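Colleague: This is the structure, below, for whatever I ask next.
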Amino acid sequence: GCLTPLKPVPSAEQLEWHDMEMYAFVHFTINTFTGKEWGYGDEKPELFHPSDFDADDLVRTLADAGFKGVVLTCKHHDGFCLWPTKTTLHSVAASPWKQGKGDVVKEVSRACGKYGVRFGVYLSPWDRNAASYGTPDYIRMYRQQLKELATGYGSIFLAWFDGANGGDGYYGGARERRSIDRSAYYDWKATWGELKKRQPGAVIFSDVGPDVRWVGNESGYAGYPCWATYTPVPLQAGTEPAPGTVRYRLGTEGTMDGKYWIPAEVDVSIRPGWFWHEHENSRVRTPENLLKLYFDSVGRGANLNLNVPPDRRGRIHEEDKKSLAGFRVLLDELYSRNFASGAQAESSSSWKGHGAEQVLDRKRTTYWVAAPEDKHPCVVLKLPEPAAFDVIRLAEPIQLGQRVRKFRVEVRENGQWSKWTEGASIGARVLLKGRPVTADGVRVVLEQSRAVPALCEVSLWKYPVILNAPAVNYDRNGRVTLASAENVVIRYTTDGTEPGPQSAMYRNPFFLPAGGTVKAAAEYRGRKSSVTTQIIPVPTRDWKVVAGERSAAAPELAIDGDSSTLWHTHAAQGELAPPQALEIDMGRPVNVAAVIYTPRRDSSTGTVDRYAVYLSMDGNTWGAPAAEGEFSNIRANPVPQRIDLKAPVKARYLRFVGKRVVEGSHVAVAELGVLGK
Ligand SMILES: [Ca+2]
Ligand SMILES: [Ca+2]
């Protein structure tokens, strides 16, 4: 079955790149040691002194996360080079890292070889230290740097050519603004030709790059359809397309029937900034985020390039490693069971031996092709029994072209077929997520295509369960109800320990008539979730309101357990001013140790700041205040406030006196509770 291709087609190196699916950035240079996202160029190389670098750890941590390549920023915009280049001493050769000089590029490419992951380079065309930048001599220097990187560090699978500029820089002390004709300065054709002479197996990235294109954003999403084909058009009509001179937002979806084959890379950072920042340790993308990113990039037909910036300790930070390990666990669960492996494949037609069955081995080299006859080609998978799934994966033999243009996927439930998902492009691969179904039949219908269609993979998958922390709710009876999105086991503790994997399971609403602390956690297939911790106050069903201004709002709205219900003293007669008091008969002698005041959410009107609480056992003699003070920072942060008693008191009657407020001049209590440890 030697079938006729559909121009354009990818090359062998582009096919390998596609099959990689995903790979990593490592933004690491002197800016990592300045705190800047873009360096100026005046940095002393003294400042590149990573304490405890270790490249094996770096590459291994990335490879365990499933990334198949590492792209190192060998020189970023600041112009400082991570290897002892012969073009400048604004390199590691000047740094105290190592006795004078080591070589980060050598170590990272060596570890990439050590762990079977590809190695690629980023060499910023815009050099902000080279005093020759703007003159042809900088082009000579840049060509020598590219030769050095492409001569002594093994195979390079991708070279990353950033088209971004921005003008000013140190430029060897010039401290000047320089601009270059981006569409002609770097003379890209010859530089890239020489590079691909000494690295025939490499792939060129840039906004136009003859091999891989930029997705046109840095937020981490390609657009569906994300055609691999692409025809760059310039920003300024007439100029010649080049990195930084093309309508780049068009690179988010590609071009329908393009003239060239430049598939898309989704470069995105695990953190807001491309380089390591300490104040971003709390903003590292969660594994669920990274999986969503994986779909919105890989599962749309593009490839993923996640940036993991080593800190200025020279290591991937602990948060980054935690998130990467979680992301690997989630990708592994996603591909635990292929609900198509074991199925039968049928087709509306076939051509010269490429039968339907050929889509079950997931291999991109074996494929089904329809006959140039039926205008509605289709592929049916029949399953051994109804199976629970929600994700389909489709793939084309892209080496023969990209053919599918509009397509749908129908599922068979309860004996009947209904439409489940649809789309436009397939290309390298597409992950379609639909409604969760229990089905034993899948139909892929290729509605329209320019050339006789073909598929190399049809596989079925269950999207991993998002383990959201358990909701812990309670009524005025102490009846506690735990809940979560379905199909999760919930463990819980009431003493104060953390919910270990051997803690009490949740089953039905349980009781806690003393007031305490609940800590719950969700579980599914060995993977845990965040721990919800909730303090349950004492029951309030025997509580009656003994004293409190009624002519405006019913005081029972402050002990009804609903924070969205409001007691106030803002009657149509007047804004009756503080102090406003609530005397509560608790119905039973309670051993109170804390008082909870829940203010209103939407406003700061009526919220109290200075408070007094009296306790008694007859409601007639109160005495000195049982507690006393202010609610510091309740204006900007109106949340439930806790009055811890200096010493626990046993009492039946409680008087809460709001003495004065934050804004307005009536008192407003949303809820009022009591804790008795
Ligand atoms: Ca196949
Ligand atoms: Ca209330």
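A note on labels: chains of the structure tokens are A, B, ... as shown, every chain counts residues from 1, and ligands are counted from 1 in their shown order.
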Considering only helix (DSSP H, G or I) as DSSP defines it on the backbone, what residues of range 297-380 of chain A qualify? List them as a count of residues only.

Modeller: 25

Colleague: Range 558-562 of chain A: which residues within 7 Å, counting only C-alpha atoms, same-chain residues fewer than 2 positions away excluded, as an MDAnalysis selection string?

Modeller: chainID A and resid 475:476 540 555:556 564:567 669:672

Colleague: How many Å separate CA of residue 212 in chain A from CA of residue 317 in chain A?

Modeller: 29.5 Å

Colleague: What is the distance between CA of residue 230 in chain A and CA of residue 13 in chain A, in Å to one decimal?

Modeller: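 Between CA of residue 230 in chain A and CA of residue 13 in chain A the gap is 17.4 Å.
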
Colleague: Counting only C-alpha atoms, which of A:228, A:387, A:105, A:242 gets nearest to residue 403 in chain A?

Modeller: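 Using only C-alpha atoms, the shortest distance to residue 403 in chain A belongs to A:228.
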
Colleague: DSSP says strand (DSSP E) for which residues of range 557-592 of chain A? Put them as a list in words?

Modeller: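 The residues of range 557-592 of chain A classed as strand (DSSP E) are residues 567, 568, 570, 571, 574, 575, 580, 581, 582, 583, 584, 585, 586, 587, 588, 589, 590, 591 and 592 of chain A.
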
Colleague: Neighbours of residue 20 in chain A within 8 Å (only C-alpha atoms; same-chain residues fewer than 2 positions away dropped), as an MDAnalysis selection string?

Modeller: chainID A and resid 16:18 22:23 68:69 303

Colleague: Find the residues near residue 447 in chain A: any atom within 7 Å, counting only C-alpha atoms, skip ones fewer than 4 places away on the same chain, and give them as a list in words.

Modeller: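 Within the cut-off, the hits are residues 376, 406 and 407 of chain A.
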